[PDB]
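Below: the structure, in structure tokens.
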């Protein structure tokens, strides 16, 4: 077994990059629900009450 | 009414008594939901893949 | 000074040096060449003959680039001390370190190999080798000559060494000469990096009609507050870019155009009205329905961040 490449550092940076992007994107499409749900309910009022 | 009902839930709402604004009322957010229906699938697909 | 004239315009010895499968020959020839190079006024005269040998000087290092001579899977890559051939080569390349104007031009012809030399700093375990790599690339820098800044610009353009810069920074080698080498290197390469009051160059790009992924294109370290530039003409400075985006679908420019729009709206939450003037969400979802998944990713990022922080 000889040494492997020291691109360990390359992996450091790129894996960081990718995981921060993951953290950003994951919690983005999450709370869209919190704002859309209230009006998705209010469509009920939009259906009657005149 | 406001300062009494805030305690539980005050999701302020009222329709246009001239009930033809109903049209844009529907559409303005119907388009929004149509739009938002996508982000969910797009994000899920990219992340899982 | 005179014998050398006949010793150089000749061609039989050079024919002897042309071979690649024999190392002793070129080794010793250029080794004695560097030993005599102690007379600095001979690199000058041989300059005109550069294209005859300098590519030969570079072929060995280009082989060394991906060829992992240290990993002895390479059977008989060189004699046990043979690798010192590279040491001597870089020794010579340093011997030409007192005339910058000499280094000034030949670069325009073979900048690429000089660039990808970057790897040698980390690749070679030998201190000498990485040392000479870094020292040569640096000393190319000098206040002595002109255009001594664009070189590092292209360095960042293609290589993006700064990762490598700090990477090698964290692992010094107890060599004072090297300490100063790398210290200079870092400061000299980084201080200009913030040479971006980019209204001028953004305007130049605007009139250029060409866009590309670039730190000049992308650097928020200023955009902390720069909407002032956006304020030139009713925020329409980017509307031209938007209409061009609509015009064609070139991947680089197509993606970058809407890439920073999300950032720019992030800079002003009040810009919802200009955003609805844009109203390109249909175009954005279309971009999520085109090739090059990366640009689709970027378009989704833009639209999602935008909507979310209009209703965060």
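Residue numbers (the authors' numbering), protein chains in the order written: chain X, 100 to 149; chain Y, 249 to 297; chain L, 158 to 469. In this text, a Cβ means the ideal position worked out from N, Cα and C, and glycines have one as well.
Item, Value
"Using 7 Å as the threshold, is the C-beta distance between residue 131(X) and residue 284(Y) below it?", "yes"
"Since residue 434(L) meets chain Y, which of its residues come closer than 7 Å, beta carbon to beta carbon?", "Correct list: empty, because the minimum Cβ distance to chain Y is about 17 Å."
"Taking the straight line between their C-alpha atoms, what separation do you get for residue 258(L) and residue 359(L)?", "32 Å"
"Any C-beta of chain Y within less than 7 Å: which residues of the segment 426-452 of chain L qualify?", "438, 442, 445"
"Where does residue 72(X) land, buried or exposed, given buried means 16+ other C-beta within 10 angstroms?", "The question about residue 72(X) has no answer, for chain X in this structure spans 100 to 149."
"Report yes or no: is there a C-beta of chain X within less than 7 Å of the C-beta of residue 279(L)?", "yes"
"Output yes if chain X places a C-beta closer than 7 Å to the C-beta of residue 284(Y); else output no.", "yes"
"What would DSSP say about residue 356(L), mapped onto helix, strand or coil?", "helix"
"Report the three-state DSSP secondary structure of residue 320(L) (helix, strand or coil).", "helix"
"Quick check: what's the CA-CA separation for residue 351(L) versus residue 201(L)?", "37 Å"
"Starting from residue 309(L), follow the alpha helix (DSSP H) in both directions and report where the run begins and ends.", "307-315"
"Let me see if you follow: with CB-CB separation under 7 Å, is residue 105(X) close to chain L or not?", "yes"
"Does the Cβ of residue 233(L) have 16 or more other Cβ atoms within 10 Å, making it buried, or fewer, making it exposed?", "exposed"
"Check the Cβ of residue 422(L) against every Cβ in chain X and list those closer than 9 Å, keeping chain order.", "Within chain X, no residue comes near residue 422(L); the closest Cβ sits about 15 Å away, beyond 9 Å."
"Could you check which residue in 274(L), 300(L), 304(L) has the C-alpha nearest to that of residue 294(L)?", "274(L)"
"If we cut at 7 Å on Cβ distances, does residue 293(Y) have a partner in chain L?", "no"
"By alpha-carbon positions, which one of 135(X), 104(X), 114(X) ends up nearest to residue 469(L)?", "135(X)"
"Helix, strand or coil for residue 433(L), going by three-state DSSP, please let me know.", "helix"
"Looking at C-alpha atoms only, which residue of 425(L), 423(L), 413(L) is the closest neighbour of residue 441(L)?", "413(L)"
"Determine whether the Cβ of residue 112(X) lies closer than 7 Å to any Cβ atom of chain L.", "yes"
"Anyone know if the C-beta pair for residue 115(X) and residue 279(L) falls short of 7 Å?", "no"
"For residue 444(L), count neighbouring Cβ atoms within 10 angstroms of its own Cβ and tell me buried if that reaches 16, exposed if not.", "buried"
"So, does the CB of residue 257(L) fall closer than 7 Å to a CB anywhere in chain X?", "no"
"From 149(X), 124(X), 139(X), 110(X), pick the residue whose C-alpha is nearest to that of residue 276(Y); which is it?", "139(X)"
"What do you get for residue 462(L), buried or exposed, if any count of 16 or more other CB atoms within 10 angstroms of its CB means buried?", "buried"
"Could you tell me whether the Cβ of residue 463(L) comes closer than 7 Å to any Cβ of chain Y?", "no"
"Beta-carbon of residue 146(X) versus every beta-carbon of chain L: anything under 7 Å?", "no"
"Can you name the residues of chain L whose CB is closer than 7 Å to the CB of residue 287(Y)?", "461"
"Can you find the residues in the same chain that come closer than 8 Å, C-beta to C-beta, to residue 182(L), ignoring five residues on each side of it along the sequence?", "173, 174, 176"
"Which same chain residues, not among the five before or five after residue 305(L), have their C-beta less than 7 Å away from its C-beta?", "298, 299"
"Take residue 385(L) as the anchor and find which of 282(L), 242(L), 312(L), 424(L) has the nearest alpha-carbon.", "424(L)"
"Taking Cβ-Cβ distances shorter than 7 Å, what residues in chain Y pair up with residue 125(X)?", "295"
"In the DSSP assignment, find the alpha helix (DSSP H) that holds residue 419(L) and state where it starts and stops.", "418-424"
"Note the first and the last residue of the continuous alpha helix (DSSP H) segment covering residue 212(L).", "207-223"
"Determine whether the Cβ of residue 140(X) lies closer than 7 Å to any Cβ atom of chain L.", "no"
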